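Report on one structure; see the data block that follows.
Both counts, for ligands and for their atoms, begin at 1 and track the order of listing. Atom set for the values below is all heavy atoms of this structure, side chains included, hydrogens, waters and symmetry mates excluded. We're numbering straight along the sequence, starting at 1.
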Amino acid sequence: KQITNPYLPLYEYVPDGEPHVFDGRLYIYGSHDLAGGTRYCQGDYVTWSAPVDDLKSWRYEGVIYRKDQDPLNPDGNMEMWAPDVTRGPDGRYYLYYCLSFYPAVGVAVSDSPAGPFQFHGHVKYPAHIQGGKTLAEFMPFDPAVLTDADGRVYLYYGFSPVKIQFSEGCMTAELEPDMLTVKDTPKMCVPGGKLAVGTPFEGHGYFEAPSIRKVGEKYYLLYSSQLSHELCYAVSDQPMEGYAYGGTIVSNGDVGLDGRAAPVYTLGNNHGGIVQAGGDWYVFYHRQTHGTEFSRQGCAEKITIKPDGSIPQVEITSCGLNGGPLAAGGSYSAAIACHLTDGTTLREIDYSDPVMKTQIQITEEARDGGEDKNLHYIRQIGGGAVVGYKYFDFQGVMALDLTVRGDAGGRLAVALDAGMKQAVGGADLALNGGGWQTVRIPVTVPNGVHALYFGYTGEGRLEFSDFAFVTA
Ligand SMILES: [Ca+2]
Ligand SMILES: [Ca+2]
C-alpha cells in the first residue's frame, strides 16, 4: 500500500486540520473547502481517520457538525472556520470553532470522536468578570485547546495581522471543567508581529492558527506566523506563559528552508499542528490549489524533534505519510506535485493579483459517477514552468508515460532537480488540439531515490493529468 500528499483523496478539501489520536485512530479535524470554492470553508465539518499504526488507510467518518447548529447562525449564513477537538477531563469530545469573523468561540460536544456533535455553549466569562458575558474580547479566532496531563484545560486563540479590534498576539486562558467558562481574563503568550519587533520572535510573530501539544512534559505551541505561509513553534515549561521562540517547521512553499526565498509551490495561508503517531512525530499543514485560497488540501511530513527539543524545518514532499519514497512503477496523478511554479509565481501572497487566474495550478473537474471519477490535472503550463515530485525509488526505469493535452509547441525536459540541470530525458511537444494523449519519454536515471521534475520550454499552454513509470 502507498499514500501520497495530500493524504486524503484528491476530491476532498479539508484545510486547517488538527491531528489527534483517539482510541487508536488518527483523526483530522479541519474546516471544509469545496473544489472550485469561492470563499473559505464553505462545507459542514467532516472528519477522516486512519489507524494510528497504518497512516496510509484513511476513511471518511461523515459530517460531524453543521453550520446551523450554533444559535448565532440559524440560517447557516456564516461559515464555520478552523476548529479544534479535545477529549475533555470528563472523557467526552469537545469541538471548538468560530463562525466567520464572529467574535465568539462556540463549543459542541459528543461522546465519540466521529460525532454527532451537539452545541454545548459559547466560551464565556465567569460570573464575577464582565457579568459572565460571552467572551468577545481580543478578537476570538482560530481556537485551539489542550486537555493537559493533569486534567486542566487551556484555550489559545487570536488574530494579529500586521499589514474592529484585533489581537496583540496569541491569547490564552484556563477553562473550567464545563469547557466554557474561563478562570480569568485571557492573556497574551506569543507576541504578534508588531510586538515581536525587538524579540527573538522578530519577523515570525504570531498571526493566527495556534495549535497546542504536549511533548513529554513540555508545551509546544505552533502557529501561523506573520508570513502566513509557514508554521512556527514556541516552547515553554508552562501552558500559558514563558514561551521561547523555536523556529519554522514547514512552509507550504518551502520559504525559509535553507534560506530559500523563491517558493517551490504556490504560497497561501497555512494551518495545522504536530502529532505523535506510531513512534514518530508528524506535522500536518495544508496546500493551496485552483489558483485561489479556497480549495485547500491537507498534507503532512515526518519531522524530527532533536534531543535538545528543537525542530528543524522540513521540506514539503509528495510522499508525506508514506514512510519512504514511492515506488517508481505504476501510474500517478500529476496533482500530487510538491513543486509547481512558473514565471508568475508570487513571492508575496496576493490572491487579488489577476495573474493567479492564468497561473499554473492544480484543478479538479467533475466527471460522470463518483467523486473518485473526478479528473484532477495541472493546467496553465507554459514556457518557464516546472512541475516536480519527491521522492521516487527508481529501479530499472526506462521511460515515462506522460498524459497531456493542449496547444503547446516546444520542449518538455525531465530532470532530477528543480534547476533542471540534472537532465535525464526530454520530448518534443507537438500537440495543437485538445484531447488527452500519452507521450513516452525515455529517461536515463541511475537506480536509487530521486526527485522528479518536468520543465516546459516554448510557446502555448499544456495540461498534465498523469504520469506512469515504464520499467524493464
Ligand atoms: Ca468535501
Ligand atoms: Ca486550528
Check whether more than 12 heavy atoms from other residues, nucleotides or ligands sit under 6.0 Å from atom CZ of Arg39, and answer yes or no.
no

N/O/S atom of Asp33 inside 3.0 Å of the Ca ion (ligand 1), strictly under
no

Determine, for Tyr219 and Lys214, whether the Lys NZ or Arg CZ falls below 6.0 Å from the six-membered ring centre while staying within 45 degrees of the axis.
yes

Looking at the Ca ion (ligand 2), which N/O/S atom of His271 is the nearest one?
NE2

Could you pull out the atom name of the N/O/S atom in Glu12 that is nearest the Ca ion (ligand 1)?
OE1

Please tell me if the side chains of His204 and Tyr245 come closer than 4.5 Å, counting only heavy atoms from C-beta onward.
yes

Charged tip of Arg66 within 45° of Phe117 ring normal and under 6.0 Å:
no

